[PDB]
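Residue numbers begin at 1 in each chain, while the letters A, B, ... track the order of the sequences. Just so you know, ligand 1 is whichever comes first in the structure, and atom 1 is the first atom listed for that ligand.
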Number of protein chains: 2
Amino acid sequence: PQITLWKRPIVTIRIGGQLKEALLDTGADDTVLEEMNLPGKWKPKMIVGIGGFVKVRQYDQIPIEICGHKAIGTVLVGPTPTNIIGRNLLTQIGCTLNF
Amino acid sequence: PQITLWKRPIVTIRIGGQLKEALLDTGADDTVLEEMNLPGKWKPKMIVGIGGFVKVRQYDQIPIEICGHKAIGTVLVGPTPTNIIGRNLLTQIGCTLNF
Ligand SMILES: CC(C)(C)NC(=O)[C@@H]1C[C@@H]2CCCC[C@@H]2CN1C[C@@H](O)[C@H](Cc1ccccc1)NC(=O)[C@H](CC(N)=O)NC(=O)c1ccc2ccccc2n1
């Protein structure tokens, strides 16, 4: 579908049977979810936001359903005020910006 | 244009006769550029993202050309790690997300 920008481009996501909302964020390199126990091994990572760096945990090959579209990839988990879907997964669902 | 997300959706903007690079950013409410001089009385403003708060200077009704498309709106100026074009201006240039 086409998603307009008058309000925040937030969509339903599904991950491990969890139902959540998330931002479709063309400015995020990476996908950052609020805190949750994901399976598998995680590595610590420092990522940049507008206010500075935060420490997060990187899990790989995590499947996630975005707006009825299957995606599988790297997911970062840390102290974010919002679930954020980044370019790494946005490309997988064929998302473009148009103007 | 249609812009894909395998690389950062970075474009050239023109502002105040200056050319700059900025990130097309659907997950940002606001347009935030690195420190520079703009004409006008400006309000001190605090904004927030990942890593927390940023102190910025709010300039209103600023003309800015984004990839050939003209906008006139609010530009926040401050110690952001990267220039970003947010929804306040993405909407002015008719920008949508599509998959
Ligand atoms: C998610 C992560 C991988 C860390 N990426 C980023 O954060 C990159 C970092 C880049 C380099 C530095 C400058 C910003 C760009 C773009 N950002 C993405 C980017 O799109 C980012 C995502 C985001 C959304 C919501 C909450 C937090 C963070 N937006 C923002 O930082 C902008 C700043 C603004 N006022 O416009 N934010 C917000 O719109 C915003 C909205 C509600 C909030 C509620 C509580 C706390 C913070 C909130 N921030």
(message) Quick check on contacts: which atoms of ligand 1 are under 4.0 angstrom from a heavy atom of B:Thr80?
(response) 13 (C)
(request) Check each heavy atom of B:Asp25 against ligand 1 and say whether those closer than 4.0 Å belong to the side chain, the backbone, both or neither. (result) side chain
(message) Heavy-atom distances under 4.0 Å decide this one: backbone, side chain, both or neither, for B:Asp29 against ligand 1?
(response) both
(request) Before accepting this row, confirm whether a basic side-chain N of the pair A:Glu65/A:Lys20 lies closer than 4.0 Å to the acidic partner's carboxylate O. (result) no
(request) Indicate, as side chain, backbone, both or neither, the part of A:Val54 found under 4.0 angstrom from ligand 1 when only non-hydrogen atoms are considered. (result) neither
(request) Scan residues 89-99 of chain A for pairs that pass salt bridge (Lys or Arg N to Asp or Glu O under 4.0 Å), counting only residues two or more places apart or in two chains. (result) none
(request) With heavy atoms under 4.0 Å as the rule, classify the contact between B:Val48 and ligand 1 as side chain, backbone, both or neither. (result) both
(request) Work out which heavy atom in A:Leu90 is nearest to a heavy atom in A:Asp25; give both atom names and the distance. (result) CD1-O, 3.6 Å
(request) Check each atom of ligand 1 against the heavy atoms of A:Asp30 and keep those under 4.0 Å away; list them by number with element. (result) 3 (C)
(message) If hydrophobic clusters are built from ILVMFWY residues whose side chains come within less than 4.5 Å, do B:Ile72 and B:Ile66 share one?
(response) no
(message) Closer than 4.0 Å to some heavy atom of A:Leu23 - which atoms of ligand 1 meet that?
(response) 24 (C), 25 (C)
(request) Compute whether any side-chain donor of one residue and acceptor of the other, for B:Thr12 and B:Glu21, lie under 3.5 angstrom apart. (result) yes
(request) Name the option, out of A:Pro81, B:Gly86, B:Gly27, that contains the heavy atom nearest to atom 29 (N) of ligand 1. (result) B:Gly27
(request) Please could you name the atoms of ligand 1 that A:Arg8 approaches to less than 4.0 Å, counting only its heavy atoms? (result) 41 (C), 42 (C)
(message) Under a 4.0 angstrom heavy-atom cut-off, which atoms of ligand 1 come close to B:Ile50?
(response) 1 (C), 4 (C), 27 (C), 28 (C)
(request) Report yes or no: do B:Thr74 and B:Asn88 form a side-chain donor-acceptor pair below 3.5 Å? (result) no
(request) Considering non-hydrogen atoms only, spot the tightest contact between A:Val77 and A:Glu35 and give its length. (result) CG1-OE2, 2.7 Å
(message) Under 4.0 Å, heavy-atom basis, I'd like to know which part of B:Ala28 is in contact with ligand 1: side chain, backbone, both or neither.
(response) both
(request) Might you point out which heavy atoms bring A:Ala71 and A:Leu89 nearest each other, and give the distance in Å? (result) CB-CD2, 4.0 Å
(message) With heavy-atom distances below 4.0 Å as the criterion, list the atoms of ligand 1 near B:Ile84.
(response) 14 (C), 15 (C)
